[PDB]
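This report concerns only the one structure given below.
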Amino acid sequence: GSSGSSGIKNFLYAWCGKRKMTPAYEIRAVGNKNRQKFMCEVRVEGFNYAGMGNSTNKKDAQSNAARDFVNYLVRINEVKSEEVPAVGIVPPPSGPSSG
């Protein structure tokens, strides 16, 4: 390995890789005809909670899903924020109690 870790995805994969685990991402189709959406849900054996991600784009939806699960881990005391990457990006608020 000759690269660094700059992202939310590489974080989960890195934390899971060591724990001999692999997250499963699944994209779904929802919304209306005019405005379509792609809901992504990530599940990890052993845990009940599942990272939820919403975004018109698949690439984003995936990234979101992870970030979600990450937060849950910290709460359950599974992962320390010290490992979690800083918050630099600032997405739109568009999302009433969604994510």
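Numbering-wise, the working numbering comes out as the position in the sequence shown, counting from 1, plus 2.
From the three backbone atoms N, C-alpha and C, an ideal C-beta is built for every residue, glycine too.
- As the crow flies, the alpha-carbon of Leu14 is around 15 Å from that of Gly48.
- In this structure, the beta-carbon distance from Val44 to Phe71 falls below 8 Å.
- Three or more beta-carbon pairs separated by less than 8 Å are not found between the stretch 24 to 37 and the stretch 75 to 86, which leaves the two stretches without contact.
- With a threshold of 16 other beta carbon atoms within 10 Å, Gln64 meets it and is buried.
- Taken through DSSP and simplified to helix, strand or coil, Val72 comes out as helix.
- In the DSSP assignment, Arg45 is bridged to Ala26.
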